[PDB]
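J.:
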Amino acid sequence: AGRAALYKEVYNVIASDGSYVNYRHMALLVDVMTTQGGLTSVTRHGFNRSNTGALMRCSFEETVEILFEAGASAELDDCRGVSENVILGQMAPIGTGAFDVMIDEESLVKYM
Amino acid sequence: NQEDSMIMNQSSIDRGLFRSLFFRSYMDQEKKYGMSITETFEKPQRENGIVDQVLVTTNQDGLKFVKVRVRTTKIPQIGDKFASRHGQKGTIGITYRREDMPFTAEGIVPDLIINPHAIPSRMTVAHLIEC
Amino acid sequence: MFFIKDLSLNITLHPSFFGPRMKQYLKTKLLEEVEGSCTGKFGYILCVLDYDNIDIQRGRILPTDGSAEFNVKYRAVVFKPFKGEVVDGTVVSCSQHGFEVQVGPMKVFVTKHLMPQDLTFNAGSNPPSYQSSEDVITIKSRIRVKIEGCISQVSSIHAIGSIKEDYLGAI
Amino acid sequence: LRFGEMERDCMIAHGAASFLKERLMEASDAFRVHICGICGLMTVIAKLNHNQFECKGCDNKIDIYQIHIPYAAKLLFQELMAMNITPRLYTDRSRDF
Amino acid sequence: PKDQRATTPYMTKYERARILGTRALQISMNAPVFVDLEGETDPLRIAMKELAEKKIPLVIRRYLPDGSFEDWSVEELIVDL
Amino acid sequence: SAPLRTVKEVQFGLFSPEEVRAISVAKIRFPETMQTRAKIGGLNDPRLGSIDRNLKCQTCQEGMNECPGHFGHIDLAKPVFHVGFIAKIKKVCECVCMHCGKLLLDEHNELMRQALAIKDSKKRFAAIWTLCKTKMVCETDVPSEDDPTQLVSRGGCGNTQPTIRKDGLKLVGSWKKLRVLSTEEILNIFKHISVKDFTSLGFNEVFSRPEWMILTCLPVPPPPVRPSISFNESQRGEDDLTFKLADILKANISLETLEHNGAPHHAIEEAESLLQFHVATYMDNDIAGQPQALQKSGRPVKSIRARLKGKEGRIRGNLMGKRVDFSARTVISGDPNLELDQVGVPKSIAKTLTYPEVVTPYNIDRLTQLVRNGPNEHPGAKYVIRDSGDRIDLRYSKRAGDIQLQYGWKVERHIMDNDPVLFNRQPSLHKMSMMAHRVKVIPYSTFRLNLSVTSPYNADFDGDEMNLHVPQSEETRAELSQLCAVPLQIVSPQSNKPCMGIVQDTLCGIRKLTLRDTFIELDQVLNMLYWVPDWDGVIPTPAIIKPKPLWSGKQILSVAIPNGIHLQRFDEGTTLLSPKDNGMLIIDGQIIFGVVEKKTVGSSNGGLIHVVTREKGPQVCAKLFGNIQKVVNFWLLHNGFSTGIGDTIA
Amino acid sequence: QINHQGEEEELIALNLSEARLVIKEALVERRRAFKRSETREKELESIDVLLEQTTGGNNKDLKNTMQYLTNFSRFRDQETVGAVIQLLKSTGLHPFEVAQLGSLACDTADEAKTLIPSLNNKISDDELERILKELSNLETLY
Amino acid sequence: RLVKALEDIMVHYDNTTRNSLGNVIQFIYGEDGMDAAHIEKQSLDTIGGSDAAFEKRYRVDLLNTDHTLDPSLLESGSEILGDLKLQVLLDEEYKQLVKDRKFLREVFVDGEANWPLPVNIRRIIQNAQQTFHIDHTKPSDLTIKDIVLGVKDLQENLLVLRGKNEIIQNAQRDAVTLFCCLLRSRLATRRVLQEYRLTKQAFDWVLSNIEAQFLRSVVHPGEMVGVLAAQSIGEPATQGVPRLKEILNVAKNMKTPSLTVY
DNA sequence: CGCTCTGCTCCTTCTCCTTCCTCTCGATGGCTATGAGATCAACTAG
RNA sequence: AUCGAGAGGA
DNA sequence: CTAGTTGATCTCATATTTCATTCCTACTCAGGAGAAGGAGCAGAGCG
Ligand SMILES: [Mg+2]
Ligand SMILES: [Zn+2]
Ligand SMILES: [Zn+2]
Ligand SMILES: [Zn+2]
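Dropping the structure here:
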């Protein structure tokens, strides 16, 4: 019920000025705030304290205070997060980087 | 002159409109205290303008001061900002020769052309009365 | 000692070599690179068992440049010494403090410390062999050595050959 | 000119992964380091003139890798080391498939 | 798992761009060209021409979140972009 | 040289003191850096990152260019708490059996069984702490839940556990029967924690052990983290780190002195706090406790934390967003004679920004000529990069007229026509605000955009400035052109309505043009026709013929609209005659009704702009924007339109 | 052990002599591919012809390697090499322990025990005794 | 602050929406899988109107007089009239429309008949007429069998998903539920005959476009929806607002709590 | 029904906190002692 | 050269 | 291949006579919200 009620709440905010945002973008936002099983605020003490990578988590509001926890708990980063790959200067797994390109040798030999 | 930018007669510049002087003053220090520190400016061996006045003096400590002033001419190029007395502010979109500009029957040719759209959306009626 | 193992090498191909001849080009590159190779975990690489049946499994082009990366597997025959083993070797060169004997693809330093105490250096011998005891060791004579561990070096891999034991003596 | 935080957020939205990297790597901070695969710490001794590598503590002379990261990143990890935090960087995922 | 590949056979804009950029990179590297050169010196436009009649010798690898992937040969891709 | 790979996973953890001892390449003993130029062998020695012109860097050579430093070693006289782990240490000790090495509570209690079953280590620890902390005793015999009469002889100590409290950099525990807690005691307790307890606490066997939460040795970051400073006339002014650590050496060296010499216990106690204090400030100069480390100049010590926390830290101010190159910034100005995807770039910039073109048969001759031009003629290059990396500079060389290029060499070619670039107006609020344009080079010092593209940028010509970025490869160019090109953004995902349109004069002018009353003479038509590059050389038959060939406005405008377009918009008054002349209606690119206005060429969803994109693709709709502009503007120029005070008078 | 084909293959402790035989086999395979593009003395010449024709002769270290192994191989007649395989492997002997016995000279179990510390503690000397004389006689045949 | 929360939400090749950890936020992006740049405000005819008005525009009867199709409409006239076989087909599809009408009016309680949807059908219809100057003054060569069969055939080829499995195929049925409801509304036999006197050449060409155009609106896998959604909300925000900061920050203590009782 | 025990509710502490660019000014970065005497090594010449 | 304070524009 | 004088380097001495102090203007921002910890209380089980 909250997810539907919440979206209605945001719609009143956007519709106040008359501007119209496609239902998708609002729909996604409210959902992310209610997948965890509760109205996870997007503040420092809400969303941030999730199970995502520390490197993603650190860059937002508290950097060292998380890194200590990651070290203390021997935390691991899978380096799938976009921000985790920008920090290390690697192609993020997005857009043109959400796959790989391989050579079709059999076609290459055929092409001759 | 679509947005706040404007068109400015090119000849009106050639006759001096909004020509400006730019004076820049440089300061140089001889050296630090005499405690085994020495330095000078006697042409040691191995912006845009012309020097105006070279001022040589010493502070109360007797340390040689050199102040250089270089002046240069600022002529309105494309994009140089201008503004009326009513908050209507815009840059020079482009400059036209005198003949290319529209002219009244009496031979007057505008120095500056602005856009009507600046007026209604900004509520600057006073700028109209002044004109 | 000698073993058969399937080893994987990640080779790179410059984009210009992406012609039809690329498959055999990679074949040639792998052949010329694997041959005569050294590794601590396996020792020396001698040859590639099952030369045909080349495993390419598709190449991946690096995002930075068009060069293609191929993780080529291959069955290979290698040599791997072990501690406390029995080896029959040959002497390549003689030394005052031991010998530089060759164990197949392995060069073993037969130090004087591990020779029998009755074996002594003979300067007058040509080659300068050890001839003060029964275990006569020289370039032209055969030798058996014992490997008391292996020593890894960047340039190559060597080990220790011992003669002070009831076995693995001269010849 | 600065490539601010919101300026990459546009690139991510556009899905231009390859370009985003170029701005962050080739434009500035391109840097090659060496890492011990036994312990993912920038402790390798890269004797390039001798073509020799080693990790004192691991005594490893066969497991080494070149890794490209922004110089700021190298600088980041080093401070993390300064406070005892060991950002071990490994080139292989624990879970294969 | 070439059998029952669940990804659409339409070539997404993202990989359109990636293949075009890749092939242009190779062409600039003096790689073999699979089509006639009509004086069109631009490597990128050469790449688009190659993609026009499916001469690109590349296969995409679409990673599902699980980790498994599908090998789609650009030939079978339905370029509609 | 060595194999290349790309990072796949990052594992954090705490340095083991043994590991620190192993990795360090030199022990630090002297707080002094120098004599005159030589450096103390026990500090900042060549065994760390060498300074410029010194090819040693601990026998690494490579100077200081491509070889970082290597960490050092300081052996603290006594163990010292780590600031960040004070809170956790307090939490951990409250659960341990207080000199027994076991947990105050065990799985024999059902509550622990629930907690021990938690998958998440972090939450697992929290619940344990909430429950264990209340346990004030570590009795040996614990009654069994299965058999109340049976007790489990668990607690080795069997005694009580005091109420620990946080006090600055030290812990005090009130005993239920009160004293300061010694750092060493904690090490002793932690050493006795079983591996089983670690996991129940969330720690790791090989990456995070509790005893590693107490500092017994400190790594010394190499010079690159605290670079050598020569900001004055040969004055040092070394970073805070170098000075801050030296204090620890002074404090550490002093500490070892009192204990060795007479051991004035009372005296040692205070100095210990100083050693701990300096470490704490060096680790973090921001704590709840009042003590604030101050530099000799009086400025607070810029701790390691301060180099990361908040914006301008190494994370946000240097990694998430960083300075870059190959980018230019200047002021903008409109130009109707310039298509959407184009942009004017001053020659004075295109002479500076360069692209690394590769030498190939397709372009060897062209590149050959640019080198001949040199770095001052716009169509020229600034460098030739040979295979070996010899960046030949044409500015300081006559070799431009002498070099023969070789395949595979790279040329630092200038920016030329059609080279994609990337605009960005700060703040880059949303996706449209960054787009890719083709390049046209103009002879004046300001950027030129088409008019309609200002709205997505939210830009203006009242002095606004924009930023330009240049791709540096044949690939990144493709990514921009095929993903970020202006035409592909005509339809905005924000609201499904096109983000662009006709604005300013070209909107006011077009309305006047398409009135039912506007009639255009033959002569003024021929010029208008020639201004549409789409025009096929065919003159439409004038609406009026006999008295004089006299074209209506809608005829001329409709020449620019592509064929095969069919739009139909009806308002309340539109009745297939439109006496009010409202509505809109087109057939095969031929207007029949209406006054072309915002609701047909504006940002409306059903407008003409939106329709064309789908029928002919973005590349075609882009050409539409210019063609309409080139028609209306030319007409408005010759019909004029102004405002005045009288208009406002009723 | 495990191969790169996903097959849990036992540690292939290939005997020196049979390893050299496999080396000749692989060299002949390379010979056939390139066209498509026994006593100590007899085997020593064949390896040089094979090795020389498979490469440019620059791998001299492996050239000397093959002759030395050829100079010390214990079971050369490949048909009779097949005999010594089951004599050790069919008895449950470890492949590692099989390798040196099939690549070294021994006559009595105690000498094998003396040479091999591993066998000194858990080998059935009765099996060693029977095999060694058969192999010792077999060794003499070469 | 809003971008970081949705920084790394992308559409994977299985059309599902996941963050970095793989948590499934949305099984189908936007609950329809259509890219937001191929949507238009289209009117849903089957919702509004009185019951009779809806029936008149849609009901077709070859046996009675109230809804007798005019024979001149098709090249086949009386031959069609009286045929029960085709009459049954009309009975089926008409029943579907009534179900759709009662279904749609449940989804949109307010009764508003305009919503964003993919592929602007009308332009396709209008474009078809001008494509080869459809002459409205002559009987069409279509047949009721041609029309109804074409509509069903088109539906099955609107593949958002591809999973042959039962679970996926059920979702593929739900994904295009609303769009197909619209499709039947504006492809009814009566209107396809009376309002749009289309020919077989026209009708066949039209469907081939609906098939193609719809597949273009499919959201492209790899999209960075999370960032795009956050920006599309951030931009209008900077143009109430304390309320917005009051929401994203949950801030249990609200400003003006209030009920609304019916 | 008091005793006790425990958890529940309440009531004070106790923390932490914000796009890009351009210029000028200016303070500042800092404290540490004398060279002499004697012996060994380094350079040159026979 | 670095910090700090300031004066702005987009 | 040694010995010559002279630069380089190590060690210490006299050591004066020598620093803790002058506080100080001054004052309001800006508060809100969320975690954490203790304290008291009321009721549930126990004696
Ligand atoms: Mg502005
Ligand atoms: Zn290591
Ligand atoms: Zn180094
Ligand atoms: Zn205890």
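From first to last, the protein sequence lines stand for chains A, B, C, D, E, F, G and H.
Okay, so the first sequence: first residue is 6 according to our numbering, each after it adds one.
Okay, so the second sequence: first residue is 6 according to our numbering, each after it adds one.
Okay, so the third sequence: first residue is 104 according to our numbering, each after it adds one.
Okay, so the fourth sequence: first residue is 2 according to our numbering, each after it adds one.
Okay, so the fifth sequence: first residue is 509 according to our numbering, each after it adds one.
Okay, so the sixth sequence: first residue is 1432 according to our numbering, each after it adds one.
Okay, so the seventh sequence: first residue is 4 according to our numbering, each after it adds one.
Okay, so the eighth sequence: first residue is 480 according to our numbering, each after it adds one.
From the three backbone atoms N, C-alpha and C, an ideal C-beta is built for every residue, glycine too.
1. Return no unless some Cβ of chain C is closer than 8 angstroms to the Cβ of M537/E.
2. Give the DSSP-derived three-state secondary structure of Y1786/F in the structure shown.
3. Contact criterion: CB-CB distance below 8 angstroms. Does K183/C meet it with respect to chain A?
4. Could you tell me which chain C residues have their CB closer than 7 angstroms to the CB of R33/G, listed as they occur along the chain?
5. Chain F beta carbons: is any one of them nearer than 8 angstroms to that of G561/H?
6. Secondary structure at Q67/D, three-state DSSP: helix, strand or coil?
7. Taking 7 angstroms as the cut-off, is the C-beta of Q1857/F nearer than that to any heavy atom in ligand 3?
8. Can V2042/F and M1959/F be called in contact, C-beta distance under 8 angstroms?
9. With a CB to CB cut of under 7 angstroms and the five nearest residues on each side skipped, what residues in its chain are close to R1585/F?
10. Is there a Cβ from chain A that is less than 8 angstroms from the Cβ of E523/E?
11. Can you list the residues near ligand 1, meaning Cβ strictly closer than 5 angstroms to any non-hydrogen atom, in the order they appear in the chain?
12. Compute the distance between the beta-carbons of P1731/F and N1749/F, then report whether it is under 8 angstroms.
13. By the three-class DSSP mapping on this structure, what secondary structure does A1698/F have?
14. Can you list, in chain order, the residues of its chain with a C-beta nearer than 8 angstroms to that of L552/H? Leave out the 5 residues immediately preceding and following it.
15. How would you write the range of the beta strand (DSSP E) that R178/C sits in, first residue to last?
16. Shorter than 7 angstroms, the distance from the beta carbon of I39/D to the closest heavy atom of ligand 2, or not?
17. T48/A versus chain H: which residues are under 7 angstroms apart at the beta carbon?
18. Contact between the segment 96–108 of chain G and the segment 42–59 of chain G is defined here as three or more beta-carbon pairs at a separation below 8 angstroms; is this criterion met?
19. Express the C-alpha separation of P1462/F and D1678/F in angstroms, rounding to a whole number.
20. Got a sec: is the Cβ-Cβ distance from residue 2163/F to anything in chain D below 8 angstroms?
21. With DSSP run on the structure shown, which of helix, strand or coil describes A1711/F?
22. Could you have a look at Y508/H and say whether DSSP puts it in helix, strand or coil?
23. Can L1919/F and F1854/F be called in contact, C-beta distance under 8 angstroms?
24. Hey, is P1654/F close to ligand 3, as in C-beta under 7 angstroms from one of its heavy atoms?
25. Just list the residues that DSSP pairs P597/H with in beta bridges.
26. For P597/H and chain E, any beta-carbon pair shorter than 8 angstroms?
27. Hey, does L707/H have any beta-carbon neighbour from chain D nearer than 8 angstroms?
28. For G16/D, go through chain H and note every residue whose CB falls closer than 8 angstroms to its CB, in chain order.
29. What residues are listed by DSSP as bridge partners for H1504/F?
30. Roughly how many angstroms lie between the CA atoms of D1848/F and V1774/F, to the nearest whole one?
31. Give the secondary structure of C1531/F by DSSP, where H, G and I count as helix, E and B as strand, and everything else as coil.
T.: Taking the definition as stated:
1. yes
2. The three-state secondary structure of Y1786/F, taken from DSSP, is strand.
3. no
4. The contacting residues are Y154.
5. no
6. strand
7. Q1857/F has its Cβ no nearer than 7 angstroms to any heavy atom of ligand 3.
8. no
9. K1533, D1537, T1571 and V1573
10. yes
11. Residue selection by CB proximity (closer than 5 angstroms to any heavy atom of ligand 1) returns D1891/F, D1893/F and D1895/F in chain order.
12. no
13. In the structure shown, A1698/F adopts helical secondary structure according to DSSP, grouped into three states.
14. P618, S619, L672, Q673 and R676
15. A171 to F182
16. yes
17. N728
18. Short answer: they don't touch.
19. 7 angstroms
20. There is simply no residue 2163/F to check, as chain F begins at 1432 and stops at 2081 in what is shown.
21. helix
22. If DSSP states are grouped into helix, strand and coil, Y508/H belongs with the helices.
23. no
24. no
25. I518/H
26. For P597/H, the answer is no, since every Cβ of chain E falls outside 8 angstroms of its Cβ.
27. Interface flag for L707/H against chain D is set, since a Cβ pair is found closer than 8 angstroms.
28. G701, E702 and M703
29. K1458/F
30. Going by C-alpha positions, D1848/F is about 10 angstroms away from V1774/F.
31. coil
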